[PDB]
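Take a look at this single chain in C-alpha cells; it is the form deposited in one PDB entry.
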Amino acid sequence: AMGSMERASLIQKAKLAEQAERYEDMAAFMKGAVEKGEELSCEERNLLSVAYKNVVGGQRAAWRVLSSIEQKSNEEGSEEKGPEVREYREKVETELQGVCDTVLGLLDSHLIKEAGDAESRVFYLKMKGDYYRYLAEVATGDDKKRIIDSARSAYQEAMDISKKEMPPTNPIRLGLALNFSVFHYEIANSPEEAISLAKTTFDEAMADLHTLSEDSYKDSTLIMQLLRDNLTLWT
C-alpha cells in the first residue's frame, strides 16, 4: 500500500496525522511503511501501535454501544424494531474484524519473523495477542475458542521471552503482563490467574525500581499504577 510514497515520507506523514488526530490516515501511512519491507525502529513500532490502537479503539467502543442496544431490543417486553440494530452492529463488527486481520497480516508478513531482538519480538507478539483478543471480544461462532487460544499462544511466547531477556521494570514487559492479565480476566474466564499475574508483575517491578534513573522510574511506575488500578477493581 502507498507504494509510490517514500518510506521516510510515510513516517513523517504518520507523525503529522497523529498531531491532527487523523488515526485512520496514520494507520494507512504506517501500513504503507511496513509494506516497504524494512524492519521498524523503536519509534516506528510505537507509531504503528498508536495508529491501529486508536482505529480499533473507536470500532470497539461503537460495537459495545450497538451490542448493548441490540441486547436491550432482545428482552422480555420488547417492541420489535426490525433487523436494523443487528445489521448495523454486524457492519461495525465486520469492519473491526477487517482491521484486526490487517494488523495480524502485517505481523505475519513479515514483522515477527524478522524481529530478532527481544524488544522488537516481544512488542510484535504482544500486538498479536492484543488483536486476537479484540477478535475474541466479538467472536461467538465455531472459532471463538480457536481465537482465544491464538491470543493466549501469542501472549505466552511474548511472556517467555520477556522473562528471559528483559528486566522486570521494562515498560514493554510490564504492558505485556498488564494486557495478558486483562486477557485472563475478561476473555479466558480466569480471574485468579489475572490477579496472580498482576500482583507478581507489580511486586517484581517494585523490587527492581532501585536500579532505574529518574526518567525510567517514571516510565515504569506509570504502568505499575495501571496494574494496581486493575487489582483494586478485581479484589
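Quick note: we count residues from 1 along the sequence shown, nothing fancier. If you superpose the two forms and keep the largest set of C-alpha atoms that fall within 1.5 Å, you have the rigid core.
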Other compared entries missing residue 98, a third or more: no
Counting the other entries of this protein, is residue 77 left out in at least a third of them? yes
Per the entry, where is the mean C-alpha temperature factor higher: 208 to 216 or 14 to 22? 208 to 216
Of 92 to 100 and 142 to 150, the stretch with the higher mean C-alpha B-factor in the deposited entry is 142 to 150
43, 35, 186, 193, ranked by C-alpha B-factor: the highest one: 186
Looking at the C-alpha B-factor values in the deposited entry, which of 68, 54, 201, 179 comes out highest? 68
Sorting the chain's CA B-factors, does residue 82 end up in the lowest, middle or highest third? highest
Residue 118 CA temperature factor, ranked by third within the chain: highest
Would you please rank residue 171 by its C-alpha temperature factor against the other modelled residues of its chain and give the third it falls in: lowest, middle or highest? lowest
Sorting the chain's modelled residues by C-alpha B-factor, tell me whether residue 1 ends up in the lowest, middle or highest third. highest
Once the chain's modelled residues are ordered by C-alpha B factor and cut into thirds, is residue 160 in the lowest, middle or highest one? highest
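Unshown form deposited in another entry; subsequent notes refer to it.
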Comparing between this form and the one not shown on the rigid core, is the C-alpha shift at residue 213 2 Å or larger? yes
